Each structure stands twice: as structure tokens, then as C-alpha cells.
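Contents: one structure, followed by commentary.
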Amino acid sequence: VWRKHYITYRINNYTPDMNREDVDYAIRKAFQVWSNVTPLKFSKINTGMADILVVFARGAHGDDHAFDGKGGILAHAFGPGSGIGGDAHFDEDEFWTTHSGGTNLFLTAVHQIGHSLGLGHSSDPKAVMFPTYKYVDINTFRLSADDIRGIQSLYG
Ligand SMILES: CC(=O)N[C@@H]1[C@@H](O)[C@H](O)[C@@H](CO)O[C@H]1n1cc(CN([C@@H](C(=O)O)C(C)C)S(=O)(=O)c2ccc(-c3ccccc3)cc2)nn1
Ligand SMILES: [Ca+2]
Ligand SMILES: [Ca+2]
Ligand SMILES: [Ca+2]
Ligand SMILES: [Zn+2]
Ligand SMILES: [Zn+2]
């Protein structure tokens, strides 16, 4: 688990799929999902070393877990720790979108951030930490009880 409650993140690079403001906005909103139900606070930084580095990359990208082209694996993230720990990577060969029509960035980022914070997967198809991606209505997006129980048992 992170052994602090103030956690920074940095966006390493941007996908050409979406407007930058939409990337910023999806990432910022995905952190809010988790800071709304825990005592964690997340700050974006623009220089220096962040706890959570957000990367868009294709294929092999230097961490011994290469991506696989369009389809299959969408993204992955490392559990809490220094260095690469916490970092969240998105497969650039996906087509990242603000709504539907590709792979939704916001929803995928919520799921990945859950792993950066120390969460495993849920057996609840309504949970964001469910292992399978589906587009759900963002307007009615809510964490499930199982998400809330898991994050709260790590962080309060
Ligand atoms: C054991 C298993 O899950 N096998 C399937 C296998 O069933 C599937 O056919 C294959 C396709 O290549 O992907 C395999 N797969 C998927 C994954 C999970 N993926 C990663 C992850 O959990 O974050 C990992 C790489 C870290 S993942 O597939 O990339 C992934 C990423 C995000 C989500 C998600 C969930 C809820 C909301 C929004 C997005 C779902 C899946 N791992 N292995
Ligand atoms: Ca890190
Ligand atoms: Ca892929
Ligand atoms: Ca892409
Ligand atoms: Zn990676
Ligand atoms: Zn997962």
C-alpha cells in the first residue's frame, strides 16, 4: 500500500488519439473517483519524479511487459512501490476515446489506478475492478460496494 496519503502523478506523454485537455480531464477525473471514497489526495505535477507515472506506449517499452497491438491487453499498472511501482501504462495501439467508439480512457484509467493503489480484481461485473472491459454509461458511473470495500480496507 502507499504509506502516505498525498500521492503525485505525472503524464509522461500524450496519445495523439484525443485532445490533450480530454486526456488531462479523463485522468484527473479517474483519480477523483478514488479520492472521493478514501483519505488519499492526488496532485498532478509537471516536473520532477511523481509517484504514479502515466505513460502511453506500444509494443515493448522497457519494463519487461510488452503490449500486443490493437485488442487483447489494453493497459497495465504496477502495485505501490518506488521506481516503476505505481506507474500506469496504456497501450498506444488502442484507440483511446472520451466516450465510446474505441476504448474509453476514463474507465480504463479508473481500473488501472485501482491496481496502482494496491487493488486486485473483483468477481462483480458491476465493479470497476472487474477484469473484463465493457463500456458502461459514464453518466451513471459509480464505484460498486466491492470496489469501496477493497479500497477502504487498504486506506480507510
Ligand atoms: C487471465 C486473463 O485474464 N486472461 C485474459 C484472456 O482471457 C484474454 O483472452 C486475453 C486477451 O489477450 O487477455 C488476458 N488478460 C487480460 C488481462 C487484464 N488486463 C490488465 C488489467 O487487469 O489491468 C492486465 C494486463 C494488468 S487488460 O486486459 O489489459 C484490462 C485492462 C483494463 C480493464 C478494465 C476493466 C474495467 C474497466 C475498464 C477497463 C480490463 C482488462 N490480463 N490477461
Ligand atoms: Ca512510480
Ligand atoms: Ca493491446
Ligand atoms: Ca492509439
Ligand atoms: Zn508497461
Ligand atoms: Zn485489472
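As the structure lists them, so they are numbered: ligands from 1, and atoms in each ligand from 1. All residue numbers in this chain count up from 1 along the given sequence.
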With ring centroids as reference points, do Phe42 and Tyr9 lie under 6.0 angstrom apart?
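Ring centres of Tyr9 and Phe42 not closer than 6.0 Å.
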Ring-ring centroid check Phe141 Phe106, cutoff 6.0 Å:
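Yes.
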Minimum distance, heavy atoms only, to atom 42 (N) of ligand 1: which one of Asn104, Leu74, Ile73, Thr108 is it?
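Selected option, by shortest heavy-atom distance: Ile73.
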Which residue supplies the protein heavy atom nearest to [atom], what is that atom called, and how far is it?
atom	answer
atom 37 (C) of ligand 1	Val128 O, 3.6 Å
atom 39 (C) of ligand 1	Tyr133 CD1, 3.6 Å
atom 38 (C) of ligand 1	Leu107 O, 3.4 Å
atom 26 (C) of ligand 1	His76 CB, 3.6 Å
atom 41 (C) of ligand 1	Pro131 O, 3.2 Å
atom 11 (C) of ligand 1	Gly72 CA, 3.8 Å
atom 21 (C) of ligand 1	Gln112 NE2, 3.8 Å
atom 35 (C) of ligand 1	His111 ND1, 2.9 Å

N/O/S atom of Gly81 inside 3.0 Å of the Ca ion (ligand 2), strictly under:
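It does not: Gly81 brings no N, O or S atom closer than 3.0 Å to the Ca ion (ligand 2).
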Please determine if the Ca ion (ligand 2) has an N/O/S atom from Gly85 lying under 3.0 Å away.
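An N, O or S atom of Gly85 is closer than 3.0 Å to the Ca ion (ligand 2), so yes.
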Would you verify that at least one protein heavy atom lies under 4.0 Å from atom 32 (C) of ligand 1, or report that none does?
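There is a protein heavy atom less than 4.0 Å from atom 32 (C) of ligand 1.
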Using a distance threshold of 4.0 Å (strictly less than), state whether atom 4 (N) of ligand 1 has a protein heavy-atom neighbour.
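It does not: no protein heavy atom is found less than 4.0 Å away from atom 4 (N) of ligand 1.
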If we only count N/O pairs under 3.5 Å, is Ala75 in contact with ligand 1?
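Yes, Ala75 has an N/O under 3.5 Å of an N/O on ligand 1.
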To 10°, measure the OD1(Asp87)-the Ca ion (ligand 2)-O(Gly83) angle for me.
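Seen from the Ca ion (ligand 2), OD1 and O are separated by roughly 90°.
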Using a strict threshold of under 4.0 Å (side-chain N to carboxylate O), is an ion pair present between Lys126 and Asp146?
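Judged by the 4.0 Å cut-off on N to carboxylate O distance, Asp146 and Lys126 do not form a salt bridge.
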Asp93 with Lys70: basic N within carboxylate O range, under 4.0 Å
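Looking at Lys70 together with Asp93, the answer is no, because their closest N to O distance does not fall below 4.0 Å.
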How far apart are the C-alpha atoms of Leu143 and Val37, what are their side-chain angles, what is the distance that settles it, and do they pass the side-chain contact (heavy atoms from CB on, under 4.5 Å) test?
CA-CA 9 Å; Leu143 296 179; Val37 297; 3.8 Å; yes
The Zn ion (ligand 6) - name of the N/O/S atom of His121 that sits closest to it
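For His121, the N/O/S atom sitting closest to the Zn ion (ligand 6) is NE2.
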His111 and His121: CA distance, side-chain angles, deciding distance, side-chain contact (heavy atoms from CB on, under 4.5 Å) verdict:
CA-CA 9 Å; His111 186 100; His121 282 148; 3.4 Å; yes
Which ligand 1 atoms are under 4.0 Å away from a heavy-atom of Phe130?
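Here the atoms of ligand 1 in question are 35 (C), 36 (C).
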Within ligand 1, which atoms have a heavy atom of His115 less than 4.0 Å away?
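Under 4.0 Å from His115, ligand 1 has these atoms: 21 (C), 22 (O), 23 (O).
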From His115, does some N, O or S atom reach closer than 2.8 Å to the Zn ion (ligand 6)?
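Under 2.8 Å: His115 contacts the Zn ion (ligand 6) through an N, O or S atom.
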Decide whether the shortest distance between a heavy atom of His121 and an atom of ligand 1 is less than 4.0 Å.
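In this structure, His121 qualifies as a contact of ligand 1 - some heavy atom is under 4.0 Å.
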Is there a donor in the side chain of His89 and an acceptor in the side chain of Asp63, or the other way round, less than 3.5 Å apart?
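Judged by distance alone, the side chains do pair up.
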Would you say the side chains of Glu92 and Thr15 form a donor-acceptor pair under 3.5 Å?
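The criterion, which ignores hydrogens and geometry beyond distance, is satisfied for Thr15 and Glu92.
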Can you tell me how the ring of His65 sits relative to the ring of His76, calling it parallel under 30°, perpendicular over 60° and tilted otherwise?
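Aromatic pair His65/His76 classed perpendicular.
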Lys44 atom NZ: more than 12 heavy-atom contacts under 6.0 Å
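It does: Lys44 NZ has more than 12 such atoms within range.
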